[PDB]
Amino acid sequence: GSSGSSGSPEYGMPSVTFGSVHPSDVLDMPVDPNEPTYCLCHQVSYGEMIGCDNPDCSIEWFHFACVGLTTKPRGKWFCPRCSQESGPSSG
Ligand SMILES: [Zn+2]
Ligand SMILES: [Zn+2]
């Protein structure tokens, strides 16, 4: 019979470097629908708003056509999710 063996080392080290900056330019265009949503309906928070008087309320922001608010009470208006009051007549 017979047999044998062998071997060989190995190594390496790459190298790369670069970098560049680009200027800014606000093209002539109006706003975009890419706005955040607050109201429960998850729709763009527009002017029509009242804000929940409750400071704890995370949303504390809704519309009028979602909670029936003819106008902005700018007073003591609590969202229909916080009030959760209990009585004879529900609503
Ligand atoms: Zn809404
Ligand atoms: Zn609330």
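Indices start at 1 and increase along the chain as displayed.
We read in the header that solution NMR was used to get this structure.
Yeah, the Cβs are placed from backbone N, Cα and C, and that goes for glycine too.
What the PDB entry says about this protein:
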SEQADV    1-7  expression tag
SEQADV    86-91  expression tag
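Feature annotations, reproduced from Swiss-Prot:
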ZN_FING   36-85  zinc finger
SITE      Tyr38  site 'Histone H3K4me3 binding'
BINDING   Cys39, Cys41, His63, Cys66  Zn(2+) 1 binding site
SITE      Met49  site 'Histone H3K4me3 binding'
BINDING   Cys52, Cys57, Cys79, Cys82  Zn(2+) 2 binding site
SITE      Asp53  site 'Histone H3K4me3 binding'
SITE      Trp61  site 'Histone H3K4me3 binding'
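Annotated features taken from Swiss-Prot, shown on the structure.
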residue	record	DSSP class
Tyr38	site 'Histone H3K4me3 binding'	coil
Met49	site 'Histone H3K4me3 binding'	coil
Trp61	site 'Histone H3K4me3 binding'	coil
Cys66	Zn(2+) 1 binding site	coil
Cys79	Zn(2+) 2 binding site	coil
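Helix first, then strand, then coil: DSSP counts for the expression tag (1-7) stand at 0 helix, 0 strand, 7 coil. Proximity to ligand 1 (Cβ under 6 Å from any of its atoms) holds for these recorded positions out of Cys39, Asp53, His63, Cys66: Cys39, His63, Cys66. Long-range Cβ proximity for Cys66 (Zn(2+) 1 binding site), meaning a same-chain Cβ under 8 A and a gap of 6 or more residues, is found for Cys39, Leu40, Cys41. The Cβ of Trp61 (site 'Histone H3K4me3 binding') lies under 8 Å from the Cβ of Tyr38, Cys39, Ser45, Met49, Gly51, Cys52, each of these being in the same chain and 6 or more residues away along the sequence. Here the candidates are the recorded positions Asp53, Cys57, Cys79, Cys82. The one whose C-alpha lies nearest to that of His63 (Zn(2+) 1 binding site) is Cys79.
Of the binding-site residues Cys52, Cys57, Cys52 has the largest number of other Cβ atoms within 10 Å of its own Cβ.
In this structure, the CA atom of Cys82 (Zn(2+) 2 binding site) is 10 Å away from the CA atom of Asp53 (site 'Histone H3K4me3 binding'). Shown in sequence order, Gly75, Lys76, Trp77, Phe78 are the residues of the chain, 6+ apart in sequence, with a C-beta less than 8 angstroms from the C-beta of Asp53 (site 'Histone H3K4me3 binding'). Other Cβ atoms within 10 Å of the Cβ of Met49 (site 'Histone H3K4me3 binding'), summed over all protein chains shown, number 15. Around the Cβ of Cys79 (Zn(2+) 2 binding site), the same chain contributes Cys52, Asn54, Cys57, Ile59, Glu60, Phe62, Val67, each under 8 angstroms and 6 or more positions distant in sequence. Within 10 Å of the Cβ of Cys82 (Zn(2+) 2 binding site) there are 14 other Cβ atoms, across all protein chains.
For ligand 2, the recorded positions lying close by, meaning a CB under 6 A from one of its atoms, are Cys79; the full candidate list was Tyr38, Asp53, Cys79.
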